[PDB]
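One chain comes next, on its own, written as C-alpha cells: the form deposited in one PDB entry.
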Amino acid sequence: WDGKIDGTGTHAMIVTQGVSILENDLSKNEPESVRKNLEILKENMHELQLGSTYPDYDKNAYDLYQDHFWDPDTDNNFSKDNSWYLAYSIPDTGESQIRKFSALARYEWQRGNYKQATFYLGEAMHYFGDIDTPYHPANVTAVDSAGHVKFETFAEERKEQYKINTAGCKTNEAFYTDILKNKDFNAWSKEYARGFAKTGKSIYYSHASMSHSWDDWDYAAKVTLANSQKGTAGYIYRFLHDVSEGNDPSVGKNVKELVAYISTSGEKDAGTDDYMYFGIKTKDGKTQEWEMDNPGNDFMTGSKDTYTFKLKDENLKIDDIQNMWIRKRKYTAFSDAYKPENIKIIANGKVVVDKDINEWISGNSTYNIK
C-alpha cells in the first residue's frame, strides 16, 4: 500500500482502523491488562502510524530501491529443507519481517519502551499490509521514488471510503479466539498471513491487474483493504494478549533458524565493505558459520541490517547454543574497520540476545557476542 514518511497515507489508515476495530470488538470480559495495553497503544498512535509508513522511506538499510511485492509462497519455500545453500543468509520477506518486528515489539513492550515497541509494531503491520496488497506481476512498474505502483496510488486517493470499524464479531467469537489458540506465534503468523496474501494474489488476477476496469479496481481496493484492516486488528489483538499475559512463543521448541538484527554505529566509517560472517558453537562442540550478505550494500554506517540464518542441526534447543560471534575478513589490503553499536539475536519469536558493543572490529578478527 501507499504511505508517506510523516505517518499519513493508506498504511497509517490501516493501523489506525486496526485500533478502532479493537476498541469496538473487544469483549467486556477481556482481561483489563489487554484493555489497558490497548489504551497505551492508542496514546502512542502517532508512533504506530509513523512505523506503519517508515519501511518505504527507511534510509538506514542497504541503499536499494524499494520493492515490497512477493509471491505468497516465498516464505514457505524458504522454510523447506534442502532448498537453500545454508552458508548464505536467507533474504527478508514480507512474512519474515512481520515476525521480526513483532518479536522486537514484544521485547520492547516487556521492558516498558512503549514508544519504540509501538513503532516496531507499526513496521510489522506495514509488511502485513504489503503482502495483503493485490499486486503480483512478474515485472513491476514503479511510479514513485519509494517504489509504489499505480494500484497503490489509486487506492491512496480513495482510502477514506474503504474504512471498516469492526472485524464482524466480538473478541470472544471465532475469528479472535482462533488467533489465541496457537501458542507458537511464528507458526500461527505463517499460516494466518499466508491466507490473506494468497487471497490477495487471487484478487490481483481477477480484479486488480492493469487490464481490469476501474470498477474492478475499486472493488479490489475495497475488499483487500477490509482484509488488511481486519487482519491488522487480528495481529494487534494477539500482540496485546502476548504482552499482557507475558507470552513467550519460543517455549521449549527447536531452533530451526536464528535472526540477527544488527545496528551499525552512526559514527563516521563505522560501516564496512569487508566480508562479514556470523557463527555459533553448540554445547557439544559443533559449529556453523554463515555469510552475512544481502543484495544491497551491507553494514553501511548507521544501518539496521537483518540476517536470517538456517541451521544444519534442526534438533537444537536455544540453551544448546553456547557461543555466537561475528567475524570480519578483509576484502582489500586497505583498512576498513567495523563498529557495531548493538546486536540482537532472535530465536523463535524471542529476543534472546541484546548486546551493546560500540567497539571497533578490525583486520581479520572474531568478535564474541556470547
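So that there is no doubt, residue numbering starts at 1 and follows the sequence shown. The term rigid core refers to the most C-alpha atoms you can superpose between the two forms while keeping them within 1.5 Å.
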Per the entry, higher mean C-alpha B factor between 34-42 and 297-305: 34-42
Mean C-alpha temperature factor, higher of 183-191 and 220-228: 183-191
Top residue by Cα temperature factor, when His148, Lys201, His126, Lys253 are compared in the entry: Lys253
Residue with maximal Cα B-factor (values as given in the PDB entry) among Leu50, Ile343, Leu316, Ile326: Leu316
CA B-factor placement of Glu291, once the chain's modelled residues are sorted into thirds: middle
Entry-reported Cα temperature factor of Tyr114, expressed as the chain third it lands in: highest
Chain-relative CA temperature factor third for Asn358: highest
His68, C-alpha B-factor rank within chain (lowest, middle or highest third): lowest
Chain-relative CA temperature factor third for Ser213: lowest
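FYI, the form deposited in another entry isn't displayed, but the following is about it.
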Rigid-core fit between the shown form and the other one, the member of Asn323, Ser27, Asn342, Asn60 whose C-alpha shifts 2 angstroms or more: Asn60
Rigid core fit then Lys190 CA moved by 2 Å or more between the shown form and the other one: no
Core superposition between the shown form and the other one, C-alpha change of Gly147 at least 2 Å: yes
Threshold 2 Å Cα movement between the shown form and the other one for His207, core superposed: no
Direction of C-alpha distance change in the other entry, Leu64 to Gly302 (at least 3 Å): farther
Cα-Cα trend for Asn323 and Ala61, given that in the other entry the distance shifts by 3 Å or more: farther
